[PDB]
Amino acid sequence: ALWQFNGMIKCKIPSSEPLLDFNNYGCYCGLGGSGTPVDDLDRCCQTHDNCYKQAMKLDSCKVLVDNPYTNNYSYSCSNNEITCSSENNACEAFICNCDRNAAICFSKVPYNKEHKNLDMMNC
(Lines of atoms letter the chains of each structure in order from A and count residues from 1; the text may use other names and numbers.)
(Lines give C-alpha, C1' and ligand atoms only; values in the text may rest on other atoms or scores of the structure.)
Protein backbone atom coordinates (compact mmCIF):
# COMPACT_ATOMS: atom_id res chain seq x y z
CA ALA A 1 0.00 0.00 0.00
CA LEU A 2 1.07 3.62 -0.52
CA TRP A 3 1.65 4.15 3.20
CA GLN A 4 4.07 1.23 3.18
CA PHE A 5 5.84 2.59 0.09
CA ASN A 6 6.24 5.84 2.01
CA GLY A 7 7.79 3.85 4.84
CA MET A 8 10.25 2.21 2.43
CA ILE A 9 11.40 5.56 1.02
CA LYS A 10 11.99 6.77 4.58
CA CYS A 11 13.95 3.58 5.32
CA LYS A 12 16.33 4.49 2.46
CA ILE A 13 16.16 8.31 2.59
CA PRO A 14 15.52 9.42 6.22
CA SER A 15 15.75 13.12 5.37
CA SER A 16 13.01 13.07 2.74
CA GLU A 17 9.28 13.79 2.79
CA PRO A 18 8.14 11.23 0.14
CA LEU A 19 4.65 12.46 -0.74
CA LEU A 20 5.99 16.00 -1.13
CA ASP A 21 9.44 15.67 -2.72
CA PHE A 22 8.55 12.99 -5.27
CA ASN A 23 5.28 14.45 -6.57
CA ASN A 24 4.88 16.94 -9.45
CA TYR A 25 8.42 16.30 -10.73
CA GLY A 26 9.47 15.94 -14.38
CA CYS A 27 7.18 14.21 -16.87
CA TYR A 28 6.60 11.04 -14.77
CA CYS A 29 6.87 11.52 -10.98
CA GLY A 30 3.31 11.88 -9.76
CA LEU A 31 -0.11 10.63 -10.83
CA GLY A 32 0.17 9.66 -14.51
CA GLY A 33 2.91 10.55 -17.00
CA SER A 34 4.17 10.44 -20.61
CA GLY A 35 6.75 11.67 -23.11
CA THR A 36 10.53 11.93 -22.79
CA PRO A 37 12.01 11.75 -19.24
CA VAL A 38 13.91 14.97 -18.43
CA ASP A 39 16.52 13.38 -16.13
CA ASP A 40 17.47 10.20 -14.21
CA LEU A 41 14.97 10.59 -11.33
CA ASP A 42 12.20 11.06 -13.89
CA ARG A 43 13.34 7.76 -15.36
CA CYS A 44 12.95 5.95 -12.00
CA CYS A 45 9.32 7.09 -11.87
CA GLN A 46 8.70 6.02 -15.48
CA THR A 47 9.94 2.55 -14.50
CA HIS A 48 7.82 2.46 -11.30
CA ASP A 49 4.74 3.54 -13.27
CA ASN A 50 5.26 0.62 -15.65
CA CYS A 51 5.70 -1.83 -12.71
CA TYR A 52 2.34 -0.82 -11.22
CA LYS A 53 0.69 -1.22 -14.64
CA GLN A 54 2.01 -4.78 -14.74
CA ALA A 55 0.78 -5.49 -11.20
CA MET A 56 -2.75 -4.45 -12.15
CA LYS A 57 -2.66 -7.08 -14.88
CA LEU A 58 -1.34 -9.88 -12.64
CA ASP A 59 -3.59 -12.93 -12.42
CA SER A 60 -2.79 -13.48 -8.73
CA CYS A 61 -4.15 -10.02 -7.88
CA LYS A 62 -7.94 -9.69 -7.55
CA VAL A 63 -9.46 -6.87 -9.60
CA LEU A 64 -9.54 -3.77 -7.83
CA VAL A 65 -9.55 -5.15 -4.08
CA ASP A 66 -5.85 -6.04 -4.47
CA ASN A 67 -4.75 -2.83 -6.24
CA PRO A 68 -1.19 -1.47 -5.57
CA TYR A 69 -2.38 1.66 -3.76
CA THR A 70 -4.30 -0.06 -0.91
CA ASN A 71 -3.01 -3.66 -0.69
CA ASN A 72 -1.06 -4.11 2.57
CA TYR A 73 1.91 -6.48 2.59
CA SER A 74 4.51 -7.56 5.14
CA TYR A 75 7.98 -5.99 5.08
CA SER A 76 10.77 -4.84 7.39
CA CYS A 77 13.43 -2.13 7.49
CA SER A 78 16.77 -3.32 8.85
CA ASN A 79 19.65 -0.82 8.97
CA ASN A 80 18.23 1.27 6.12
CA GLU A 81 17.73 -1.95 4.17
CA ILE A 82 14.34 -3.23 2.97
CA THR A 83 13.09 -6.82 3.13
CA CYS A 84 9.83 -8.21 1.71
CA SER A 85 8.50 -10.97 4.02
CA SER A 86 8.01 -14.60 2.99
CA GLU A 87 4.62 -14.62 4.73
CA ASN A 88 3.24 -12.56 1.81
CA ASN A 89 1.12 -14.11 -0.94
CA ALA A 90 1.96 -13.91 -4.68
CA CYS A 91 0.15 -10.63 -5.37
CA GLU A 92 1.47 -8.94 -2.22
CA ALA A 93 5.03 -10.06 -3.08
CA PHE A 94 5.04 -8.55 -6.60
CA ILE A 95 3.84 -5.15 -5.34
CA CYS A 96 6.33 -5.15 -2.45
CA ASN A 97 9.11 -5.55 -5.00
CA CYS A 98 7.88 -2.75 -7.28
CA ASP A 99 8.09 -0.40 -4.30
CA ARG A 100 11.42 -1.76 -3.14
CA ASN A 101 13.09 -1.16 -6.55
CA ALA A 102 11.75 2.39 -6.74
CA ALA A 103 12.91 3.28 -3.22
CA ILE A 104 16.40 2.11 -4.13
CA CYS A 105 16.42 3.88 -7.55
CA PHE A 106 15.39 7.15 -5.87
CA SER A 107 18.30 6.85 -3.44
CA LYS A 108 20.81 6.54 -6.28
CA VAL A 109 20.07 9.58 -8.49
CA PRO A 110 20.35 13.39 -8.21
CA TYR A 111 17.39 15.64 -7.39
CA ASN A 112 17.13 18.69 -9.70
CA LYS A 113 14.72 21.27 -8.25
CA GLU A 114 14.41 23.15 -11.56
CA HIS A 115 12.41 20.21 -12.93
CA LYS A 116 9.49 20.67 -10.53
CA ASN A 117 6.12 21.60 -12.06
CA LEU A 118 7.09 21.49 -15.75
CA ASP A 119 4.41 22.26 -18.34
CA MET A 120 3.44 19.42 -20.70
CA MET A 121 4.84 21.27 -23.74
CA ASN A 122 8.25 20.13 -22.48
CA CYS A 123 7.57 16.38 -22.60
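All residue numbers are counted from 1 along the displayed sequence.
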When mean C-alpha B-factors in the record are compared for 89-97 and 31-39, the larger belongs to 31-39
Entry B factor averaged over C-alpha atoms, 17-25 against 102-110: higher for 17-25
Per the deposited entry, the peak Cα B-factor within the set 46, 71, 74, 60 goes to 60
Chain thirds by Cα B factor, record data; residue 83 belongs to the highest
Among the modelled residues of its chain, the C-alpha B-factor of residue 64 falls in the third labelled highest
By the entry's values, the third containing the CA B factor of residue 56 is the highest
